[PDB]
Structure formats: C-alpha cells, structure tokens
Amino acid sequence: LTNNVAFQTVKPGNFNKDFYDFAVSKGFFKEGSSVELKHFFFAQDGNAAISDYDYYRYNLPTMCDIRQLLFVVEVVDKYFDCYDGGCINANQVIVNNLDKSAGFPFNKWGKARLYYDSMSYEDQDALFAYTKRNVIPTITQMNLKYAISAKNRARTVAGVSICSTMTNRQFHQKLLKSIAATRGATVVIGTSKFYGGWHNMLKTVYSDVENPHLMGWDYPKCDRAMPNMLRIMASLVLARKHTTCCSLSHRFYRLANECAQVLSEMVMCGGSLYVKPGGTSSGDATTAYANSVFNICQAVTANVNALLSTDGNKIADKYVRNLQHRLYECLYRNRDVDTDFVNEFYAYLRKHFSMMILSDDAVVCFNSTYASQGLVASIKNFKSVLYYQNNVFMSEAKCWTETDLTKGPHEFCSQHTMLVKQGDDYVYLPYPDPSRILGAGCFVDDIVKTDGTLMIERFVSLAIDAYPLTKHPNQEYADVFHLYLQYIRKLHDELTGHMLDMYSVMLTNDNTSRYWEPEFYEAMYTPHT
Amino acid sequence: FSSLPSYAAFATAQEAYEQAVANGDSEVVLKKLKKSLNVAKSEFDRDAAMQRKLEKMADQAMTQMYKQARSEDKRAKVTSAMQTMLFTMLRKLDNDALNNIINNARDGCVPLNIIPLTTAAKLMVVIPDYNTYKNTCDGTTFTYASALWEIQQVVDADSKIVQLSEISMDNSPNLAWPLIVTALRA
Amino acid sequence: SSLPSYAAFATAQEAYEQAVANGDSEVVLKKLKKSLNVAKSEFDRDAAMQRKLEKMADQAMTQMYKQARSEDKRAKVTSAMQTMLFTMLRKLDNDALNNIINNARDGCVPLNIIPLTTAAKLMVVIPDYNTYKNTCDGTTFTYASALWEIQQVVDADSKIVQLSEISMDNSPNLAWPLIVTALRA
Amino acid sequence: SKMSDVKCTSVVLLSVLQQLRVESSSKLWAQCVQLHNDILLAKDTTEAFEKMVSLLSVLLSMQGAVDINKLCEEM
Amino acid sequence: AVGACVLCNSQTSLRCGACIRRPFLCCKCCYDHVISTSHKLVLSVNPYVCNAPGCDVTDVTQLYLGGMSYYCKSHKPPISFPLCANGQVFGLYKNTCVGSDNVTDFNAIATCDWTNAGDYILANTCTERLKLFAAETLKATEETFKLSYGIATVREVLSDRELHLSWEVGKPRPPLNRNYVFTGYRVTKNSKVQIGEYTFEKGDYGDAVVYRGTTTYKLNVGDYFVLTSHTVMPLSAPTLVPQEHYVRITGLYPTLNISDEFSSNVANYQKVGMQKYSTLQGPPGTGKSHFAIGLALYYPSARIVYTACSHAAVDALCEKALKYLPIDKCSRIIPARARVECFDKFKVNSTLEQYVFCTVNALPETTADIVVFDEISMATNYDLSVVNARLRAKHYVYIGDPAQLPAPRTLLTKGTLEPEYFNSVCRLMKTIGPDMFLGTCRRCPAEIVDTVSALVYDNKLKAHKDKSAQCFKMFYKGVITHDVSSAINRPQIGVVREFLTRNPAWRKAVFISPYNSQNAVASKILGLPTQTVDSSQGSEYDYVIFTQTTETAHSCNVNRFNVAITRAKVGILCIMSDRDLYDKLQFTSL
RNA sequence: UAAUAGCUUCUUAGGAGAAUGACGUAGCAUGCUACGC
RNA sequence: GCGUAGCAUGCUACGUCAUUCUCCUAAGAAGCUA
Ligand SMILES: Nc1ncnc2c1ncn2[C@@H]1O[C@H](COP(=O)(O)OP(=O)(O)O)[C@@H](O)[C@H]1O
Ligand SMILES: [Mg+2]
Ligand SMILES: [Zn+2]
Ligand SMILES: [Zn+2]
Ligand SMILES: [Zn+2]
Ligand SMILES: [Zn+2]
C-alpha cells in the first residue's frame, strides 16, 4: 500500500534492578544453582515479522484420508455432544475487553469500542445475516509480540479485524461459552487451576483406566503446519450445533466466511499484502476451541491407525478383534453413519484412552497393556499420524511418558504438578517453572512496572502463581515464594515511608497486612471456594 | 427532600413541640403533639429516601444519554473518515487498464491477485541479498509479470537512496539489506 | 472521638451509668436508655459517613501518587537508566571493560564494532602520544585485554603514515589524533 | 553470581542503545540485537564477556549521543 | 504535578498565583513570600479559592481546610485547620522542607515592575537560580507589557472544535503560540472575571480559528480575548558553566605553522585551550571577530559552532570564514521562520558539519567541541542560558566588548546601566578583567579614533593610520517633526540633501541615524544604502553619513555615538544638536 | 503497531439478597390503673 | 362482668439507619496459560 516497506523491531525488556538486587542479596543466582534466569525478553531486528511469516512455507497442501476422516469426524462430534450452541442476537454477544485492536484498516480510526458503539444492534444483526449469504474477504494484520519467552525466535499473533470478529462471535459464542462452563469433560476450557480445580481435572482424567500410564505429545509448528482440511473440519464440527437456527446454505456461507477470514486470506506484514497458504490464524474468534477439536482429531486418528495397524491374529481379547473388524468395515465399506458402532468406539476410547485437552496440550491416561499390545495409540502412532497428516516430524525429545501416577503428568500448560498433603488428604498442586517467575519479576515490559511501589498487585499475583513451590522437596525451589513475600514486605514498608515523607499523615486503613503472610496464598489452593 | 411540603409539615410539628416545651403543657397534650411529630417524621423521611434513589437513577439515565450522544458523534466522524478513504483510493485507481481487463472478462469478474499484476503502474521489489538482485532486476530495466519495468529508485532498509552503481559484488556488505527497488511500467 | 455528638454520647454514658449505679427503678431508666440509643444512632451516622470521606480521600491520594510517580518515572529514566547501566557495568569489574572505557575516557574510542573472530579489522583513534605509548609497543597493540598488530597508523590529514616517527621529540610534528587499523591475533 | 550478572547488563545496554536510536540504522541494529540474543543464550564466562565488549563498543563509537565523562566520576 | 522550589530546590507543589511567571514555590518560602508581599494567590494541585457556591477569598493565610476542600472563615467546617500555620503553607512534602534567606532578594525580584534601573542591578549579583528566575520573569514581563495585544471578541459559536475570531481594527494582533494566552474578558456588568485561558491557531478556510482552551465553559456573545501574560520556556542551564582550570591541552589538537596572520595570537590559542570558558575584550575594529577564525585555523580537526545573538555578526563571521576557512564543509543555520536574508553561500541548514553558523534563538540541540559566542554585547542572560542549555561542548569562547551597545531592553526607560551589568559575562570581564586583550585601531582614521579615545576609553587606544581630515562636524537645528513617536528630521536630511552635491567622493556614503523612521524615509530622498546604529554593528563602511536627530537621553549616549562613528573606515559626516558631546570631539569644524 | 479464548488477584461504583442490632408506625395477646356501665 | 383511655411486656407486619456477608452487573489496574 505505502511507498516504502515498513520494518518493525522488538525492543528489549526493562530491568528491575531493585528486585534483582534483593534476590542476589538472598542467596540466589549462583553457580551450582538449580534456579537461574532462563526466561528473558528477547529483542528482534527489522526482519522479524517477515521472517516469521515465512514459516507458513511449512504448510503444504495436504490431502487427508477421506474414508477415515469421515469417521474421526463422528467420533469428535461424539466428544462434543454434551454442549449446546446456536446463533444469538447482537444484544447477547458479550465482549471481554473493548479496548483491544480492530485490525486493518479499522485501527487507523480507533479501537474496537468505536465499532461496537457506533453500530446499533439492528445493523449488527443486519451484517451478521448478510454474512450468512455473502462472502467477505478480510485483511488480517500480523502483530509482533512483546512478551517474555525462553527462546530467541520472534513470536507473532494474527490480528483479525472487527468485521470478521463480530460475526464470528455472533455465530459461535453460545457454543464457545457452553464449553467454558462445563466441568468434567474432555475439553478443559474454563476450568481454573485454583480452589482445587487442578485436582478435580486430574482425577477426572483417571476415570476408568485399566493399567494407567500418562502421556503427552507436542505439535511442532502447530498453528502454521495444520492442513486446511483439518481447519475446515474443525469449523464444521463447531458448526454442527446450528441444525435448528441455521439452514444449509447459511451454514455453508458461514463456513466460507470463516475460510475467507481465517484460513487462507490476505495477510498484512509491515504495510504489504501477502497470501496466507493455510493453517489457523491464531487471533480469530474460535482458536482455542478449534485447536482443541484438531487435537482430539489427531488423537482419534492415532487410535484408529494403531488399532488397524495391529496384526489381528495376535489379538488376545476376542471382542476387540471384532471391534477392529467392525472398525475396518465402517471405515472402508460403509458410506452412511453407523451410530451404534460410533457410540461403541467412543466408549472404548473414553474407557482406554481418557484425555484432557486445552487446544494443543493433552494429558492422556491410556491403557498400558493395550498400548504395549498396540490396541490404543502410543507415541510412535502419533509420530506417524503427524508425519502423514501434518507434514511435520514429532521427535521423542519433547514428548514425555509418566509411568508413576503418584507424580502426575510431567508438564501440562507449562505447569509441573506434584502430590502434596493438604489437611488430611492428598491433592495435586501445579507449580510453575521458578525461572519463569523470577524472570517475570526481574524483567518487566514497561518503565512504570520497574519502580515496584506503584505495583503491588504484580508481585501479589506472582506469589499466588508461585505458592506451590513451598511444598517442593528442593529447598531453593521453595525459597522463591519467601523471596517474593519478603519483597512485598519491603515494598510495602518503603511505600509507607515514601507516603509518610510526601505527606504528614500515615494511611488510616493500610490493608496490606495479609499480603505478606501465607494464609492469603494457602487459601488459594483449597477446594472450599 | 428539603424542598418538599412534608418538610414544612415536619417543621411546623417541631416548632409546635418546642413551643409546647417552652409552655410546659399537660402530658396528654404533649403526647398527642409528639404523635403528630412522629407521623410527620414518618412521612417526610420516607419521601426523602424515595427521592434519593430517584436522583441516582436520574443521574444514571443522564450519563447513558450523554454517552450515547458522544457515540453518535464518533460514528459520524468514523463514517466520514471511511468515506474519504474510499474515495481517495478511487482517485488512485488506474481506470484505463482496469477497464480494459474488466471488459476482456466474461462475467465481469476477475481474480483480485491479477488486478495489480496487469494494472499497477509502479512496482517494488524487496531484495534480501546480492544474488537475488543479480537474478531479478539487474541493470536499469528488467522483466516481471510479462512487462518491462524501468528502475526509478533504489532504497535500502533505512530509506536512504542507493545509486545503481553502488550495488556490486564486493560492495554488497556495505549496503543495508534488504534493498527496495522501485520501478515503473514502460 | 472528638466530636460534639461524641460529647452527647459521653454525657449519656456518664448519666445513665450513674443511674445504674443507683439502678433502683424503672421508668427513667428505660427512657434514659432510649435517649442513649438515639444519641448512639445519630453519632453513628456521621461517624460512618466520615469513613466515606477518608476513603474518598484514599482515591484522591492514591490516584495522586500513582499519576505523579508515573511521569516521575518517565522523565528521569533515560539518563537515569544510563546511570544504572554504568553503575551496574562498573559492578562487573572486568579488566577488559575497565581497560576499554578508561581508554574511552581519554578519547581513545573505536570507530566501529570490535570484531571477535581472529584476524578481523578494528579501527580506533589515538588522541595522545601517552595513549599510544601505553597501548602500542613495537608493532603490537593491546586493547580490550587482547593482542592486535598494526595495519594503519593514519592521521587527520588522511596521509599514509608509517610507524617509526612517532617518538618523544617527533610527536608534536604529527597531525593528531591518529587513527589505527588493527587485526586481532 | 558472576553469570546471571552479565545477562542483565546486556539488556540494559541494549535498552540504552535503543534509547539513543540505533534502531534507525538497520545495519548496526543487526549485530546489536545479534550480540544481545547471543549473550542471553550463553554458557561460559568468556564469550559472554567479549561479546559484552563488542556490544559496548557500539556505545563507545558514539561521540555526541553519550558524553562519556559525566557518567563515571561520581560513580 | 510536583516540582522544585526556586530559592531552596526542595520538593514542593505550591505554585504562587500572583507572580508573573507562575513559578514553583516551597512551603516556608511560600509562607514568607505571601506574608510579606501583595501576592496572595497560591496554586496547589487545586486552586486555593473558597469552595462556597458564591465566595471569592483567594488569600491563603485566610482560609481553612476542612474535609477535602478549601473554605473561608464564614464557610468554615467545625473540624478544620488553617493552611498558613506554623510558618508554612499547606502542601505536599511538608516536613521534607528547608528554607533560606534568599527571600529578601526574591521578594524584590518578584515584586518589582522592571522599569527602574536598580532591579536590573539586583538581577545580576545574587545566586544563580535567582538570576535565572529574574531573567525568566524579565522576559515574561517584557512580553506582557511591550507590544501587548489587540482586543478580540467572538461573534458567534460555530462549534467547540473551530471558533470565530474578530480582531478590533486600530491595534495589531499577536499570532499563534501555545506560550501565548488570551484571557477571557466578558467584562460587561456581569462578571468581569477570568472565564479561562486560551490560545488561537487559525484555519486555512473561511473565517475560522481552531482554538485550544483550558476551561469547560461555552462562550458568551460579549466574551473577549485580550492577550495578558505569557509563558516563556523555563530554562535550567546556568548563565555560565563553572570554571575548571587545565594544565595541558585537552580535547583540542593544535597545528604547527598555522599561518602568517594568526601568529601573534598563538599563546592566545593556548590560553583559550586549557580553560573551560575564556573571555576576550577589545575595542572595536581590533580583531575580535577575527580571533574566532584564528581559533578555527589553530584547531582544525575539531568542530566549532559559531553563534551570535544577531544575524549581522554571524554574517560578518561568515565572510571572514569564507576568506580563511575551507569552503567545502562550512555550514549556516536559518530558522523555520526564514524572515530575513542570510549568508547563503555554504550549506544552509547542515547541523552535522565542522563549522556551524547560527543565531542563538535557532540552535539545534547538538554537541560541539569549541563554542565561540560572538558579541555578548547583544547577549542577555536568557541568550547565555539558551546557548548553555542547547550547546554542550568542551570549550566556551566569549568574545565581545561592553563599550559597544547592550541589548535593547525596551522596558528600561529610567536610570542608566553600567557596562558591567549588561549580563554575567560583562560582569566577569569588567570586575576581574578579561583574560586576554587587544587594543589597536585599524578601522577608523586617526582623527576620529582620537576623538573617541577620550569619550568611552580615556586614552588607552591609539591607531595606525592618518588623519584624513574629512570628519566634518556640523551644528544646526534640524527642526524635529515627531510623527510616529520615532524622530523624523526633514531639515536635517535637507542640509544633507544639499551637502552631497558639493562632495563627489561621498556618493557611496551610508546613512546612519539613531531613529528608525527618519532612517527609513532617507531612502527616497537621497538614495544611499541605509542602515541603523543597531544593525550596522560589525560591518566596515567606507563613507558614513551619521545624523544625530534630537536632544534626549536616547540618541545622545556616547556608546551608540561610538559605534555609529567608528564604522567609517576612511571618512564620516556627522549631523548634530548637542553641546556637551560637541565640546569634546576633535573634528573639522566647518 | 500491539489478536482470540480461559482463569485468578486487587480497587471502585451501582443493584439485589441474606443475617444482626437500633429507632419510628400499624395490628394481636397478657398484666395493671382512671372513669362509666 | 363489659367498654373507652393510658402504661409495661411479648409477638407479627411495614418504614428508615448502622454493621457484616454473599451474589449480579459495570468500570479500571495487574498476573498466568494456550
Ligand atoms: N594581525 C592582523 N594582520 C592584518 N590584518 C588584520 C589582523 N588582525 C585583524 N586584521 C583585520 O582587521 C579586521 C578586524 O575585523 P573584526 O574582527 O570585525 O574586528 P573586531 O572584531 O575587533 O571589531 C579584519 O577584517 C582583518 O582583515
Ligand atoms: Mg568584529
Ligand atoms: Zn446458526
Ligand atoms: Zn507571588
Ligand atoms: Zn523553598
Ligand atoms: Zn467562602
């Protein structure tokens, strides 16, 4: 568009010298330490956005197996059968934050609040109904992220404009907020890790598994290597709740709008319009949920491949040999749905391959005996499935397997979990990486966050997040919580000193006394509230 | 509240109470006048408490209406900005070649990716290193998209002018790559 | 609590406590308890709305401090965090950085980035004969606690100059300052 | 504590360089961010230290943006 | 917002209200300022007026603070305390406060009106911060009083984004400045009160102005806007950098066998070299404007920025560098105003070159290696603070002579100013003496220089020239018509009319007069190139027709007579009216 | 230039509900008193 | 024995206020995860 190509860089982080000096005065950051700074604010040159958009070259046009995908679709829909959804009017769509951006070219005149206030409900419903029989191509910006991370590559997020976002919210928000309000299901979205929510999720994982073993894989380049077919499938599975509100042509045109606004459309990279070959833009209205559908698809496809690729004469259980026979005849010998066998296979999967999904992170409590025999998906099955349906290689180096159920999964949502004693029983508490917490404390992304005395909520929230480290067997893992607590104590003391010097009156209700004693953080992980 | 006639009733009842205190009348008269004072209090306190929430809701509706008016005035401004942007981009259009390629079409529909490929009068090549410069736009004229373009300007990543004799094999490290050459259709 | 309605409550306290110290009976006791309760309530009201006054002032003061310190933190930071960089740099106490910025103090600043690979070009300006005497001995050039050999000595006249004439009695004859080109050994 | 000590000095030095608008020169900003990201990902004391020397040399070449003499007598 | 106190530099938030510049002021310092002077308004983060629906009690010693508001004696709350108690004014940072005795001079600085000639003396002997504050409020008061304003009223309200303007014809109009303010003057019956503080930037279409106001009140039909008060930039740098003495040459690189002309001043270039700032004093036409180029050719590798308060001095310096310095990279800086013609033969507007030519009000915020401030006689403390805040160099050079003219100072109409009280540099060079010196006249002939070597200097200045004997002294009435409040003398230009036909060697002469009106009208009468005494300082003139018009304290000063007569390098004709000044000159008597 | 979704902490404002206490009005019951029947 | 009036006590309904708690919404600040 403009006459010169714009180059955008990323500034480095801002050092909080007070916090680091307090840390090194408390015996931290030595040699021989198990805890040193590993999450920093990495900076980038002017070739960051263009060299990160180039990673879409890993997205190849992938032709998925169709006689098997048309059954994995049924299994995924059975996984998504508890929820309800449909279309909602413009006066029922609720936005979380109105000050967020509105993409291109709507960022030139204001934020999203301008377009949610200038447009009434009537012409919002008019636009939504227009999209149900029309296609609106859309430009999506690529925004460089200014955030803390453990590796130096620039991460980018795709900024979808408001014209696609409002219609997608009106289409999907009922189902998206029904998923985020159900507890004990496969897709754990909307479930907190506080107030014993982690323990509840982790005990709903362990629901009827025979000889339990824990497994978790990783998708390399998850959002950039996905085939267009799996994204279209996810958009169709999320659109299977509109069997009453929407007609067939309306649903097809909504799918077309999703593909024209999300999957393969023009991408803005520094004042220049390119073409997105495919894969999900990670900033649209349905990204965590569609990615969860994709992850469940890959798991079910791995299970089907593992079950079919087994010999058949070595099959000890005589039922499951018949189940494999029926699986093959329902894959490659039937053209209509066999709902009885779909129910049976879904029950088999929920019985032997219990799962827990948040959009690319899965913790599975698969049967160990069946996996050793080869009747449920294992690591190598997922590797093969990602090789021939995702065009990426899944190495074992970052995918774990836990053989002891008393220590939980190795890593879920970047939170290590462990078994502790609370009260009279035992619960699981997720503890983060202390390097991450120390890096967040030391490296702020602004100047007003460096002073400290202005922001006590930052360190209170960090102490809330890093409380479970005290129950860890390693001592200097546990010392992080006390470091943050003494830092809050000193911060409050010097804030009171400064506000005693800049006035003559000391605050009558200084309510901070509970932030530096462990009851406020201990009550955070108790299942009463 | 303080302007209501029930305040006048309460005030005259209280004046009667203080006048009877100054008079020192009988207990029955004082009790009756106290009953009158208490019912006046019961009326006026209730009415004032009703009016307080009334002022609250009046302020709330006032604020909502004020916000809605400002929203309308912002809507007009963004509408004007969008109209001006659209009409300026119309003034930027190259109507002759666009009309030619649209009239060549059957339905009148053409893919969007070929509109600049056949009607744009100015082209920009972004060149990461020297070998690609030697391979795509060597010299002062080059051929892309089945047309002939003449290089009018070469700028580096810092938007500084680079003369075409500056781009050599040995002089490549001294240039701030990438190079953005600008060419016009001939 | 230093209020006139507090005085009304305190005299109700004294009067009805004295009445209980008598405590015989009965009607004056109940009526005086009624008066004590009404004084309690009318004091309680303005005490609570006084709560509201000091907490409204808590908005006033907390907003006040946050906004002031906001561009208090903005205005200082650039020069102030340069000072932070130098204090914390000096805390390292590495002889290479010490040597380099003590040479920078005298005016011996490099004209380009110092290369790290072996046998790569560095050009640094020499501002004094004493600075040359300390760092260059023979054809060698010590800098950043590293060994460099000389390709250029060259002056402000851009005249090709050779290595021997830089001496005690020939130093004023030079066109100062001199620019050296060196490689890393 | 000598190792976690350089890794913050690189951050503050790059922030100072960004303050003095090295960002407007893409070529220089290239090895500025290069050395910054490499020092953050360092294992030994040495390469961290002469990469520190190379990154500080960017601030060294700068005559008028810094004034070297004030920021080092009172400290 | 918070700030620092003026006379003690302590943290504070109490602005004074009736001071002209609206400065920041302390607690005890503000108590002493408002308890001894007529200034009674004080601006905290909120104004200290009473908070009754109708009440105007703006004095601070007079109110009470109850709750969170300011109330008067009549409207006081039962629980409160007065603001001015225990010797302080209520404000932020109450007990982190320290006072001083600088209020004895601060009260006189903030109280005076700057038309006397003793407050100017007070504004140059006190401490540095009070010097800066006095100069700042001098500039503010000058901008308030001189060339004040024209009345403007608003006809109708188009919108709150664009305004209507109507200047009153008969008075001029000041232009856009956010530093300028037009105070609201709905003065009718009916609230002759400040309704706000406004500035006006004009539009490109129709009769409209897109204003910027600091109030939330709509305009009345009778509301007016006359420019009272102005805000100048609050500079921070001192008038003079503190002196530091060196031993050897630092930051500079000398040359051997520099040239033939500058060989006499080589020891001078050293003594410039090992001092932080050095001062040069010399009678006019001795080479002060030549010493800068001598410094340039003695220190070749170093950048030097050459700057003066006016444009004529920097242009003469341009000329001398044009003949002696390399033409290839030399610079010249013109402002964005571009009001007047400049020396456009080098690169105009190139701040990154080794020899930068500029004027004090238009310097860029860059570095240097030597700075040479020319003709401090045109420099006030404001200009010195400007060049100190904007230019940041190893060496400062201050060249000039106090015997030449000081700054205009149009407020100064009573009393006399000594040369040592023009600014801080003059106070240095006249009290403790200049560092180094030259006196020898090579510009005006021996006759006229012998005349002036008794009036301003008592016989410390000789010449190396002849008495060419065309310094004609004439004494006539020259009837004075007082037209434009600037003197016009038609019979004076008439005796000059008819004394030019008799002299064939004076057809190249230049007309000089201390009054701009007669000066300008002399253009069509007799056709010679025409210059005033103020703007002709610096350039050398072959033949000069000086014409003293009136008898007063304005044109009869010996200093302006000195500069007007000493610019005639070979001959001059002087017209006159005085008798004390005619008694001491040694001219041909006619 | 700064995306979507989820969770959590803190601060304010408003509403609703619950609980406790206090004052006032109305209704019912018990005891006592004045007078009349 | 009945009525009217008055006082004391208990209970219920309503009005108001104070205190505490919960929730629902709005706004603002922050942290973490995908
Ligand atoms: N040493 C010298 N030898 C010859 N001529 C000189 C010498 N010094 C100065 N001059 C001449 O005298 C003139 C002095 O001009 P200027 O510097 O404006 O004097 P001032 O600054 O003292 O008023 C110059 O034009 C120069 O040509
Ligand atoms: Mg001169
Ligand atoms: Zn629908
Ligand atoms: Zn004052
Ligand atoms: Zn003070
Ligand atoms: Zn008042």
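All of the numbers you see were taken from the coordinates with simple rules; none came from a lab. Every residue, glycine as well, gets a Cβ built from its backbone with ideal geometry; the counts of neighbours run over all protein chains shown.
See the values below:
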{"item": "Inter-label distance for residue A:475 and residue E:520, nm, one decimal - labels placed 7 Å from Cα along Cα-to-Cβ", "result": "9.0 nm"}
{"item": "Per-residue HN-Hα couplings for segment A:134-151 [Karplus 6.51, -1.76, 1.60; θ = phi - 60°; Hz; x = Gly/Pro]", "result": "8, 10, 10, x, 9, 8, 10, 6, 10, 9, 6, 7, 10, 8, 7, 7, 9, 9"}
{"item": "Span from the segment E:141-186 Cα centroid across to the segment D:24-75 one, whole angstrom", "result": "53 Å"}
{"item": "Neighbourhood charge, 12 Å Cβ-Cβ cut-off, centred on residue A:476 and excluding it, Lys, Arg +1 and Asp, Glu -1", "result": "0"}
{"item": "Virtual spin-label span in nm between residue C:42 and residue A:387, 7 Å along Cα→Cβ", "result": "9.1 nm"}
{"item": "Segment C:23-87-segment E:71-127 distance, computed between alpha-carbon centres (Å)", "result": "31 Å"}
{"item": "Under the Karplus curve 6.51 cos²θ - 1.76 cosθ + 1.60, θ = phi - 60°, whole-Hz ³J(HN,Hα) for segment A:169-186, x wherever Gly or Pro sits", "result": "4, 4, 7, 10, 5, 4, 5, 5, 8, 6, 5, 7, 9, 10, 10, x, 9, 6"}
{"item": "For segment E:233-282, diffusion coefficient by Stokes-Einstein and Kirkwood Rh (Cα), 25 °C, 0.890 mPa s, µm²/s", "result": "185 µm²/s"}
{"item": "Stokes-Einstein D in µm²/s, Kirkwood radius over Cα pairs - chain A at 10 °C with 1.306 mPa s viscosity", "result": "61 µm²/s"}
{"item": "Selection of GluC sites (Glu not before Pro), segment C:68-176, meeting DSSP coil and at most 16 other Cβ within 10 Å", "result": "C:165"}
{"item": "Principal semi-axes in Å for segment E:401-551 [√(5λ), Cα gyration tensor, largest first]", "result": "30, 22, 13"}
{"item": "In segment A:198-301, chymotrypsin sites (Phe, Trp or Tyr not before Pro) in a DSSP loop with at most 15 other beta-carbon atoms within 10 Å", "result": "A:206"}
{"item": "Summed side-chain charge close to residue A:249 - residues other than residue A:249 whose Cβ falls under 12 Å, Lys, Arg +1, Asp, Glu -1", "result": "+4"}
{"item": "Kirkwood-based Rg to Rh ratio, segment A:22-178, C-alpha trace", "result": "1.09"}
{"item": "For chain A: relative contact order, % (alpha-carbon pairs under 8 angstrom, 6 or more apart)", "result": "21 percent"}
{"item": "Selection of GluC sites (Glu not before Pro), segment E:334-381, meeting DSSP coil and at most 14 other Cβ within 10 Å", "result": "E:341, E:365"}
{"item": "Kyte-Doolittle mean at least -1.0 and Cα axial length at least 24 Å: DSSP H helices in chain E", "result": "E:128-145"}
{"item": "Relative contact order (%) - criterion: Cα under 8 Å, at least six apart; region: chain D", "result": "32 percent"}
{"item": "Positive minus negative residues near residue E:82 (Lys, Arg vs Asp, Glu; Cβ under 13 Å)", "result": "+1"}
{"item": "Least to most buried among E:205, E:217 (fewest other Cβ within 10 Å first)", "result": "E:205, E:217"}
{"item": "Cα-based equivalent ellipsoid, the protein assembly as shown: semi-axes from gyration tensor eigenvalues, Å", "result": "72, 52, 36"}
{"item": "For chain D, convex hull volume per residue from C-alpha positions, Å³", "result": "93 Å³"}
{"item": "Calculated FRET value between residue D:24 and residue B:63, using beta carbons and R₀ = 60 Å, to 0.05", "result": "0.85"}
{"item": "Cα pair distances exceeding 19 angstrom across segment A:1-67, given as percent", "result": "64 percent"}
{"item": "Relative intensity, log₁₀ I(q)/I(0), of segment E:130-278 from a Debye sum that treats every alpha carbon as a point, q = 0.09, 0.11, 0.14 Å⁻¹", "result": "-0.52, -0.60, -0.76"}
{"item": "When the convex hull of its Cα atoms is projected in every direction, mean area for segment B:87-186 (nm²)", "result": "7.8 nm²"}
{"item": "Projected-area mean, segment E:243-334, by convex hull of Cα positions, square nanometres", "result": "6.9 nm²"}
{"item": "Cα coordinate range in chain E, projected on the principal axes (Å, largest first)", "result": "90, 62, 50"}
{"item": "Segment E:393-490: relative contact order in percent, alpha carbon pairs under 8 Å with at least 6 residues between", "result": "16 percent"}
{"item": "Ranking of B:36, E:385, A:513 by count of other Cβ atoms within 10 Å, fewest first", "result": "A:513, B:36, E:385"}
{"item": "Area projected by the alpha carbon convex hull of segment A:243-330, averaged over all directions, nm²", "result": "9.7 nm²"}
{"item": "For chain B, convex hull volume per residue from C-alpha positions, Å³", "result": "276 Å³"}
{"item": "Part-to-part distance (alpha-carbon centres) for segment A:442-497 and segment A:375-426, which is given in Å", "result": "31 Å"}
{"item": "Full-extension gain in nm, residue A:157 to residue A:107, via 0.36 nm per residue minus C-alpha separation", "result": "16.4 nm"}
{"item": "E:431, E:199, E:183 arranged by Cβ crowding within 10 Å, fewest neighbours leading", "result": "E:431, E:183, E:199"}
